[PDB]
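Asks:
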Amino acid sequence: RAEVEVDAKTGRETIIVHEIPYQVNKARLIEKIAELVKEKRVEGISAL
DNA sequence: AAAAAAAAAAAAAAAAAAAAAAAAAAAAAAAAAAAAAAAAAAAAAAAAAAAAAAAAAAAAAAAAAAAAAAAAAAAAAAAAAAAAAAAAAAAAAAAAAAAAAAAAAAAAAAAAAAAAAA
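One point on numbering: in the UniProt record's numbering, the residue at position 42 of the first sequence is 286, and numbering is uninterrupted.
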């Protein structure tokens, strides 16, 4: 589950992951996302 | 686009380490008595020096313990086999100076934003 929320005032968007798959570690997922951002694999991640 | 290797799921096998608390011993590093050793003073037994002397090597010569000869017999030591102790020769090594790659601070300047003036 992953929506794309947009604030009323500013146009900047955010992705909110409500749920994750089965037998997936949340900490390892976040570490993988951070590694992808540091290695410039994924483009457009402002924060995490 | 093919090959190869990591990693993660869950039941299995098998291990490892840090501290507290008291009382005794064992290493290991220091002050501090205590005695060799060394520098620099005065001080005092020994060599010198000389005259004077008498105790032991020479010399005669007998004789009595001796070192070579003979014999028998016992068996220490030497050289050849093996089997251990203990030391130079040579090579290896762990920290350790040298080099190279990544993290944090820096401001110049502008995009976007927030806020307010007339």
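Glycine is no exception: its CB is placed at the ideal position from the N, C-alpha and C atoms.
Consult DSSP for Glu247 and reduce its assignment to one of helix, strand or coil.
Replies: Of the three classes helix, strand and coil, the one that applies to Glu247 here is strand, per DSSP.
Asks: When DSSP builds the beta bridges, which residues end up paired with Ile260?
Replies: According to DSSP, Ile260 bridges with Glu247.
Asks: In three-state DSSP terms, what is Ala252?
Replies: It is coil, neither helix nor strand.
Asks: How long is the line joining the alpha carbons of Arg256 and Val250, rounded to whole angstroms?
Replies: Using only the alpha carbons, I get a separation of about 6 Å.
Asks: Compute the minimum distance between the beta carbon of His262 and the heavy atoms of the ligand FMN, and state whether it is under 7 Å.
Replies: By its list of ligands, the structure shown contains no ligand whatsoever, and the ligand FMN lies outside what it can speak to.
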